[PDB]
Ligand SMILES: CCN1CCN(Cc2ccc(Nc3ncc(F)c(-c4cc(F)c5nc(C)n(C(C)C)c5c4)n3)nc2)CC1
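Shown below, as C-alpha coordinates, is a lone chain in the form solved without the ligand; questions about how it binds or moves come after it.
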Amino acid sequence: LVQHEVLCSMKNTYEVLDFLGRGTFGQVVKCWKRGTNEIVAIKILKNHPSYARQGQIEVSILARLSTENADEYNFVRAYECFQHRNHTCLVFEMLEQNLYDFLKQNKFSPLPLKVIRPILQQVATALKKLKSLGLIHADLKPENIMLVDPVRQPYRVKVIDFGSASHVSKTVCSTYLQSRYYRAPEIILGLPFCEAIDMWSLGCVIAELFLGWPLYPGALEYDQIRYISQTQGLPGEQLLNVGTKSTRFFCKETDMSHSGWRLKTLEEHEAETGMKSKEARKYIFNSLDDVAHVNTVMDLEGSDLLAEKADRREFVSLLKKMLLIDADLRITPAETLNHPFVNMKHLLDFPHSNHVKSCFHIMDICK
(Lines give C-alpha, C1' and ligand atoms only; values in the text may rest on other atoms or scores of the structure.)
Protein backbone atom coordinates (compact mmCIF):
# COMPACT_ATOMS: atom_id res chain seq x y z
CA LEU A 1 0.00 0.00 0.00
CA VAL A 2 1.13 3.65 0.51
CA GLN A 3 4.42 4.14 2.43
CA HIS A 4 6.51 7.12 3.60
CA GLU A 5 9.47 8.46 5.61
CA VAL A 6 11.87 5.71 4.46
CA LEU A 7 12.48 3.47 1.45
CA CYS A 8 14.90 0.73 0.42
CA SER A 9 16.48 -0.18 -2.92
CA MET A 10 18.27 -3.39 -3.82
CA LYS A 11 21.29 -1.75 -5.49
CA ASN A 12 20.95 1.92 -4.49
CA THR A 13 19.20 3.54 -1.52
CA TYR A 14 16.40 6.11 -1.42
CA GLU A 15 14.61 8.05 1.33
CA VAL A 16 11.12 9.25 0.44
CA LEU A 17 10.63 12.96 1.12
CA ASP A 18 7.23 14.04 -0.25
CA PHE A 19 4.41 12.63 -2.35
CA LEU A 20 4.29 13.62 -6.01
CA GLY A 21 1.03 12.33 -7.48
CA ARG A 22 -1.59 9.59 -7.57
CA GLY A 23 -3.25 8.33 -10.74
CA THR A 24 -5.75 5.61 -11.56
CA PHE A 25 -3.08 3.00 -10.78
CA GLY A 26 0.54 3.57 -9.83
CA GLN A 27 1.78 6.10 -7.28
CA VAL A 28 4.73 8.44 -7.82
CA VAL A 29 6.66 9.88 -4.87
CA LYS A 30 9.64 12.23 -4.65
CA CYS A 31 12.65 10.79 -2.80
CA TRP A 32 16.34 11.51 -2.22
CA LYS A 33 19.10 9.18 -3.41
CA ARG A 34 21.16 8.64 -0.26
CA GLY A 35 24.86 9.45 -0.55
CA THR A 36 24.41 11.96 -3.40
CA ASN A 37 22.74 15.32 -4.07
CA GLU A 38 20.24 13.85 -6.55
CA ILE A 39 16.45 13.96 -6.23
CA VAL A 40 14.59 11.27 -8.17
CA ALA A 41 10.98 10.23 -8.72
CA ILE A 42 9.97 6.64 -7.95
CA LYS A 43 6.75 5.23 -9.43
CA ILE A 44 5.45 2.28 -7.41
CA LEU A 45 3.10 -0.33 -8.88
CA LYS A 46 0.70 -2.30 -6.68
CA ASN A 47 1.24 -6.07 -6.69
CA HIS A 48 -2.18 -7.15 -7.84
CA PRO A 49 -2.38 -10.01 -10.37
CA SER A 50 -4.98 -8.20 -12.50
CA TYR A 51 -2.56 -5.28 -12.98
CA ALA A 52 0.62 -7.37 -13.25
CA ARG A 53 0.51 -7.62 -17.05
CA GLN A 54 0.26 -3.84 -17.51
CA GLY A 55 3.01 -3.30 -14.95
CA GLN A 56 5.35 -5.70 -16.75
CA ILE A 57 4.80 -4.30 -20.25
CA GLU A 58 5.60 -0.80 -18.99
CA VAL A 59 8.98 -2.01 -17.71
CA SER A 60 9.56 -3.76 -21.05
CA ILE A 61 9.07 -0.49 -22.94
CA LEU A 62 11.32 1.50 -20.59
CA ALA A 63 14.15 -1.00 -21.07
CA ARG A 64 13.77 -0.73 -24.85
CA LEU A 65 13.84 3.07 -24.54
CA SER A 66 16.82 2.99 -22.16
CA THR A 67 18.95 1.65 -25.03
CA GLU A 68 18.47 5.16 -26.43
CA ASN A 69 20.41 6.36 -23.40
CA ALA A 70 21.29 9.71 -24.99
CA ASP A 71 17.60 10.71 -24.88
CA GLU A 72 18.30 13.66 -27.17
CA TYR A 73 14.74 12.90 -28.37
CA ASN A 74 13.41 14.39 -25.09
CA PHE A 75 12.37 11.49 -22.88
CA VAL A 76 12.45 11.18 -19.11
CA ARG A 77 15.58 9.18 -18.32
CA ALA A 78 14.69 5.97 -16.47
CA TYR A 79 17.56 5.09 -14.13
CA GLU A 80 16.85 1.68 -12.59
CA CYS A 81 14.01 -0.65 -11.63
CA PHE A 82 13.96 -2.59 -8.35
CA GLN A 83 11.37 -4.27 -6.12
CA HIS A 84 10.50 -3.01 -2.63
CA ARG A 85 8.37 -5.13 -0.27
CA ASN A 86 6.22 -7.15 -2.73
CA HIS A 87 5.80 -4.27 -5.21
CA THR A 88 7.79 -3.28 -8.30
CA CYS A 89 8.80 0.36 -8.74
CA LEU A 90 10.67 2.48 -11.28
CA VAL A 91 13.24 5.25 -10.79
CA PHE A 92 12.95 8.32 -13.03
CA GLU A 93 14.70 11.67 -13.13
CA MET A 94 12.99 14.53 -11.30
CA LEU A 95 11.61 17.18 -13.64
CA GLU A 96 10.25 20.53 -12.45
CA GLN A 97 6.80 21.45 -13.77
CA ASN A 98 4.36 20.02 -16.30
CA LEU A 99 2.58 22.11 -18.92
CA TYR A 100 -0.82 22.05 -17.18
CA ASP A 101 0.59 23.51 -13.96
CA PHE A 102 2.42 26.09 -16.08
CA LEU A 103 -0.88 27.20 -17.62
CA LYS A 104 -2.73 27.06 -14.28
CA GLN A 105 -0.42 29.52 -12.52
CA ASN A 106 -0.67 31.90 -15.51
CA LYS A 107 -4.50 31.92 -15.33
CA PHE A 108 -4.61 29.81 -18.53
CA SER A 109 -3.50 32.78 -20.61
CA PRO A 110 -2.67 31.98 -24.26
CA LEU A 111 0.97 31.47 -25.15
CA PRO A 112 2.61 33.10 -28.18
CA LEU A 113 3.45 30.95 -31.18
CA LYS A 114 7.17 31.66 -30.68
CA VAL A 115 7.02 29.71 -27.38
CA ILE A 116 4.75 26.98 -28.75
CA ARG A 117 7.23 26.26 -31.56
CA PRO A 118 10.12 24.90 -29.41
CA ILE A 119 7.76 22.68 -27.40
CA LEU A 120 6.24 21.30 -30.61
CA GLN A 121 9.66 20.53 -32.11
CA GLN A 122 10.80 18.63 -29.01
CA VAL A 123 7.64 16.52 -28.67
CA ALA A 124 7.54 15.78 -32.40
CA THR A 125 11.13 14.56 -32.14
CA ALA A 126 10.03 12.24 -29.32
CA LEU A 127 7.16 10.87 -31.41
CA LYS A 128 9.52 10.54 -34.37
CA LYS A 129 11.65 8.18 -32.27
CA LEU A 130 8.57 6.35 -30.95
CA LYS A 131 7.46 5.50 -34.49
CA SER A 132 11.06 4.48 -35.23
CA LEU A 133 10.60 1.84 -32.51
CA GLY A 134 6.99 0.96 -33.39
CA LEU A 135 5.57 2.23 -30.09
CA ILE A 136 2.54 4.26 -29.03
CA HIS A 137 2.42 6.58 -26.03
CA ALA A 138 -1.41 6.54 -25.79
CA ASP A 139 -1.49 9.21 -23.06
CA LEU A 140 -0.11 12.45 -24.51
CA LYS A 141 -1.60 15.27 -22.44
CA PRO A 142 -0.23 18.52 -20.95
CA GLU A 143 0.05 16.72 -17.61
CA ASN A 144 2.55 14.36 -19.31
CA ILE A 145 4.83 17.05 -20.79
CA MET A 146 7.12 18.47 -18.11
CA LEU A 147 9.59 21.35 -18.19
CA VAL A 148 13.13 20.35 -17.19
CA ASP A 149 13.89 23.72 -15.58
CA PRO A 150 11.67 26.75 -16.33
CA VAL A 151 14.33 29.29 -15.28
CA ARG A 152 17.68 27.59 -15.97
CA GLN A 153 16.73 25.90 -19.28
CA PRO A 154 13.80 27.95 -20.60
CA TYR A 155 11.26 25.97 -22.64
CA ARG A 156 12.90 22.54 -22.66
CA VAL A 157 10.42 19.69 -22.22
CA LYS A 158 10.25 15.91 -21.86
CA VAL A 159 7.42 13.36 -21.93
CA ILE A 160 6.37 11.20 -18.97
CA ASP A 161 3.85 8.52 -18.01
CA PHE A 162 4.37 5.38 -20.10
CA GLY A 163 1.74 3.54 -18.02
CA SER A 164 -0.45 3.50 -21.14
CA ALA A 165 2.28 2.90 -23.73
CA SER A 166 2.11 -0.20 -25.93
CA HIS A 167 3.53 -1.66 -29.12
CA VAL A 168 1.68 -1.25 -32.40
CA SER A 169 -0.95 -3.97 -32.83
CA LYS A 170 -3.91 -4.53 -35.15
CA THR A 171 -6.42 -4.53 -32.29
CA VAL A 172 -9.37 -2.19 -31.77
CA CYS A 173 -9.46 -0.58 -28.30
CA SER A 174 -12.21 -2.53 -26.44
CA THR A 175 -13.43 0.61 -24.57
CA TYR A 176 -11.47 3.87 -23.95
CA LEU A 177 -7.69 4.59 -23.96
CA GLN A 178 -6.15 8.09 -24.13
CA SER A 179 -7.33 11.07 -22.11
CA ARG A 180 -10.70 12.25 -23.37
CA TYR A 181 -9.85 15.78 -24.52
CA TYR A 182 -6.91 14.46 -26.59
CA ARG A 183 -8.38 11.14 -27.74
CA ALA A 184 -8.17 10.39 -31.45
CA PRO A 185 -11.41 9.63 -33.34
CA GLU A 186 -10.19 6.05 -33.87
CA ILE A 187 -10.47 5.29 -30.15
CA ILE A 188 -13.86 7.02 -29.93
CA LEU A 189 -15.37 5.22 -32.94
CA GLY A 190 -13.81 1.81 -32.24
CA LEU A 191 -11.38 1.62 -35.15
CA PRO A 192 -7.93 0.06 -35.64
CA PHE A 193 -5.31 2.52 -34.43
CA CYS A 194 -1.55 2.94 -34.64
CA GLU A 195 0.87 5.70 -33.64
CA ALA A 196 -1.41 8.39 -35.13
CA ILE A 197 -3.41 8.73 -31.90
CA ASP A 198 -0.47 10.70 -30.47
CA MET A 199 -0.38 13.02 -33.49
CA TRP A 200 -4.01 13.82 -32.66
CA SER A 201 -3.12 14.42 -29.01
CA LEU A 202 -0.25 16.69 -30.05
CA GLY A 203 -2.67 18.72 -32.15
CA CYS A 204 -5.07 19.19 -29.24
CA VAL A 205 -2.30 20.43 -26.93
CA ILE A 206 -0.62 22.92 -29.27
CA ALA A 207 -4.14 24.26 -29.83
CA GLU A 208 -4.65 24.28 -26.06
CA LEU A 209 -1.41 26.22 -25.56
CA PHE A 210 -2.50 28.73 -28.22
CA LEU A 211 -6.03 29.19 -26.82
CA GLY A 212 -5.27 28.65 -23.12
CA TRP A 213 -8.20 26.22 -22.80
CA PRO A 214 -8.68 22.72 -24.27
CA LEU A 215 -9.81 22.62 -27.89
CA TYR A 216 -12.39 19.83 -27.38
CA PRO A 217 -13.29 19.70 -23.66
CA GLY A 218 -16.16 17.24 -23.98
CA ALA A 219 -17.51 15.63 -20.82
CA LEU A 220 -18.54 12.46 -22.68
CA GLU A 221 -17.35 10.71 -25.82
CA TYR A 222 -20.54 11.93 -27.51
CA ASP A 223 -19.66 15.54 -26.72
CA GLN A 224 -16.10 14.84 -27.87
CA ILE A 225 -17.06 13.51 -31.31
CA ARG A 226 -19.74 16.22 -31.50
CA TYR A 227 -17.24 19.07 -31.12
CA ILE A 228 -14.85 17.44 -33.60
CA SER A 229 -17.52 16.86 -36.25
CA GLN A 230 -19.08 20.30 -35.78
CA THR A 231 -15.65 21.94 -36.21
CA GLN A 232 -13.93 19.68 -38.77
CA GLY A 233 -16.85 17.92 -40.46
CA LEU A 234 -18.41 14.51 -39.92
CA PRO A 235 -16.07 11.50 -40.23
CA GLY A 236 -16.02 9.62 -43.50
CA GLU A 237 -18.65 7.02 -44.28
CA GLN A 238 -16.09 4.21 -44.62
CA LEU A 239 -14.76 5.12 -41.16
CA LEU A 240 -18.21 5.14 -39.55
CA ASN A 241 -19.12 1.85 -41.24
CA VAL A 242 -16.36 -0.27 -39.68
CA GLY A 243 -16.60 1.64 -36.40
CA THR A 244 -17.81 -0.52 -33.52
CA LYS A 245 -18.71 2.40 -31.25
CA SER A 246 -19.79 4.39 -34.32
CA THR A 247 -23.44 3.47 -33.75
CA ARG A 248 -23.43 4.95 -30.23
CA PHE A 249 -23.03 8.53 -31.50
CA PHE A 250 -24.35 8.49 -35.10
CA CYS A 251 -27.41 7.04 -36.81
CA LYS A 252 -28.38 5.73 -40.25
CA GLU A 253 -30.73 8.44 -41.48
CA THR A 254 -32.25 7.71 -44.91
CA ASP A 255 -34.32 10.51 -46.42
CA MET A 256 -35.19 10.71 -50.12
CA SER A 257 -31.96 12.64 -50.80
CA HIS A 258 -30.02 12.04 -47.57
CA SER A 259 -26.70 10.21 -47.45
CA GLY A 260 -25.90 7.50 -44.92
CA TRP A 261 -24.70 8.87 -41.58
CA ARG A 262 -25.61 11.83 -39.40
CA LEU A 263 -25.02 12.89 -35.81
CA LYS A 264 -27.53 12.21 -33.06
CA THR A 265 -29.05 15.53 -32.03
CA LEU A 266 -28.84 16.78 -28.46
CA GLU A 267 -32.51 15.84 -28.05
CA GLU A 268 -31.91 12.30 -29.32
CA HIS A 269 -28.83 11.62 -27.19
CA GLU A 270 -30.49 13.08 -24.09
CA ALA A 271 -33.36 10.61 -24.55
CA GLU A 272 -31.09 7.62 -25.22
CA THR A 273 -28.81 7.95 -22.17
CA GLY A 274 -30.75 10.40 -19.98
CA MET A 275 -27.80 12.79 -19.65
CA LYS A 276 -28.39 16.38 -20.75
CA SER A 277 -25.42 17.68 -22.75
CA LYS A 278 -24.08 21.15 -21.94
CA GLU A 279 -21.47 23.25 -23.72
CA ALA A 280 -17.96 23.30 -22.25
CA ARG A 281 -15.87 24.91 -25.00
CA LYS A 282 -14.30 28.30 -24.33
CA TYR A 283 -13.89 28.62 -28.12
CA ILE A 284 -16.51 27.44 -30.64
CA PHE A 285 -15.12 27.08 -34.16
CA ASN A 286 -17.03 26.49 -37.38
CA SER A 287 -13.60 25.73 -38.90
CA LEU A 288 -10.01 25.27 -37.76
CA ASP A 289 -9.18 28.41 -39.76
CA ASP A 290 -11.07 30.46 -37.15
CA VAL A 291 -8.24 29.59 -34.74
CA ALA A 292 -6.04 32.01 -36.68
CA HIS A 293 -8.57 34.81 -36.04
CA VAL A 294 -8.58 34.27 -32.25
CA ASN A 295 -6.77 36.64 -29.86
CA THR A 296 -5.69 39.14 -32.49
CA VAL A 297 -4.92 42.19 -30.31
CA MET A 298 -1.13 42.46 -30.05
CA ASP A 299 1.46 45.22 -29.78
CA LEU A 300 3.12 44.19 -33.05
CA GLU A 301 3.61 47.01 -35.55
CA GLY A 302 3.14 46.62 -39.31
CA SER A 303 6.52 44.97 -39.81
CA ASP A 304 5.95 42.34 -37.12
CA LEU A 305 2.21 41.87 -37.73
CA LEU A 306 2.81 40.79 -41.33
CA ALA A 307 4.85 37.88 -39.92
CA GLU A 308 2.50 36.99 -37.05
CA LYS A 309 -0.29 36.72 -39.62
CA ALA A 310 2.00 34.46 -41.65
CA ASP A 311 2.83 32.55 -38.46
CA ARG A 312 -0.85 31.87 -37.75
CA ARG A 313 -1.43 30.97 -41.41
CA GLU A 314 1.04 28.09 -41.04
CA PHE A 315 -0.11 27.18 -37.52
CA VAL A 316 -3.66 26.37 -38.64
CA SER A 317 -2.16 24.72 -41.72
CA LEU A 318 -0.23 22.30 -39.51
CA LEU A 319 -3.05 22.01 -36.97
CA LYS A 320 -5.43 20.91 -39.73
CA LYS A 321 -2.95 18.28 -40.93
CA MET A 322 -2.50 17.09 -37.34
CA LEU A 323 -6.27 16.94 -36.68
CA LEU A 324 -7.30 15.01 -39.79
CA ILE A 325 -9.98 12.50 -38.80
CA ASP A 326 -8.58 9.99 -41.30
CA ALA A 327 -5.52 8.53 -39.55
CA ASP A 328 -4.21 7.23 -42.89
CA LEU A 329 -3.88 10.83 -44.15
CA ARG A 330 -2.82 12.39 -40.84
CA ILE A 331 0.59 14.05 -40.78
CA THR A 332 3.48 11.94 -39.39
CA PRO A 333 6.04 13.12 -36.80
CA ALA A 334 8.69 13.19 -39.55
CA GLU A 335 6.58 15.50 -41.73
CA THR A 336 5.68 17.76 -38.79
CA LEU A 337 9.36 18.58 -38.27
CA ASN A 338 9.41 19.54 -41.97
CA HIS A 339 6.29 21.72 -41.81
CA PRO A 340 6.89 25.42 -42.56
CA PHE A 341 5.78 26.27 -39.01
CA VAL A 342 8.80 24.39 -37.64
CA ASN A 343 11.15 25.20 -40.55
CA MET A 344 10.42 28.94 -40.16
CA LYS A 345 11.03 29.24 -43.91
CA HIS A 346 8.04 31.59 -44.11
CA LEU A 347 9.75 34.01 -41.70
CA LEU A 348 12.84 34.28 -43.92
CA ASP A 349 10.86 36.42 -46.40
CA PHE A 350 11.03 39.31 -43.90
CA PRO A 351 14.22 41.43 -44.11
CA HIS A 352 14.46 42.54 -40.47
CA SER A 353 11.43 42.17 -38.20
CA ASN A 354 12.27 42.59 -34.52
CA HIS A 355 9.64 39.94 -33.73
CA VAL A 356 11.00 37.27 -36.09
CA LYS A 357 14.48 37.95 -34.69
CA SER A 358 13.07 36.77 -31.35
CA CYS A 359 11.20 33.87 -32.98
CA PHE A 360 14.44 32.47 -34.37
CA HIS A 361 16.16 33.30 -31.07
CA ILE A 362 13.81 31.23 -28.90
CA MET A 363 14.43 28.21 -31.16
CA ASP A 364 18.24 28.02 -31.11
CA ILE A 365 18.29 28.40 -27.30
CA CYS A 366 16.24 25.27 -26.61
CA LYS A 367 19.44 23.25 -27.18
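For clarity, a rigid core is taken as the largest C-alpha set superposing within 1.5 Å between two forms. Each residue number is its position in the shown sequence, starting from 1.
What comes next is about the form solved in complex with the ligand, which is not displayed.
*Asks:* In the entry with it bound, do 196, 324 and 335 all reach within 4.5 Å of the ligand through at least one heavy atom apiece?
*Replies:* No: none of 196, 324 and 335 comes within 4.5 Å of the ligand in the entry with it bound.
*Asks:* Going by heavy atoms within 4.5 Å, which of 325 to 333, 66 to 74, 41 to 49, 307 to 315 lines up against the ligand in the entry with it bound?
*Replies:* Of the options given, it is 41 to 49.
*Asks:* Report the residue, out of 272, 80, 290, 143, that has at least one non-hydrogen atom within 4.5 angstroms of the ligand in the entry with it bound.
*Replies:* Result of the distance check: 143.
*Asks:* Which one of 168, 220, 95, 177 is close to the ligand in the entry with it bound, taking close to mean a heavy atom within 4.5 Å?
*Replies:* It is 95 that has a heavy atom within 4.5 Å of the partner.
*Asks:* Determine whether any heavy atom of residue 28 comes within 4.5 Å of a heavy atom of the ligand in the entry with it bound, and answer yes or no.
*Replies:* Yes - in the entry with it bound, heavy atoms of residue 28 and the ligand come within 4.5 Å of each other.
*Asks:* Classify residue 344 as contacting or not contacting the ligand in the entry with it bound by the rule of any non-hydrogen atom within 4.5 angstroms, answering yes or no.
*Replies:* Contact check for residue 344: no, nothing within 4.5 Å of the ligand in the entry with it bound.
*Asks:* Test of understanding: in the entry with it bound, would residue 239 fall inside 4.5 Å of the ligand by heavy atoms?
*Replies:* It does not: once the ligand is placed as it appears in the entry with it bound, residue 239 has no heavy atom within 4.5 Å of it.
*Asks:* Using a 4.5 angstroms cut-off on non-hydrogen atoms, would residue 160 count as touching the ligand in the entry with it bound?
*Replies:* Result yes; residue 160 sits at the interface with the ligand in the entry with it bound.
*Asks:* Please name the one residue from 68, 326, 335, 38 with a C-alpha displacement of 2 Å or more between this form and the one not shown, using the rigid core for the superposition.
*Replies:* It is 68; the other listed residues stay below 2 Å.
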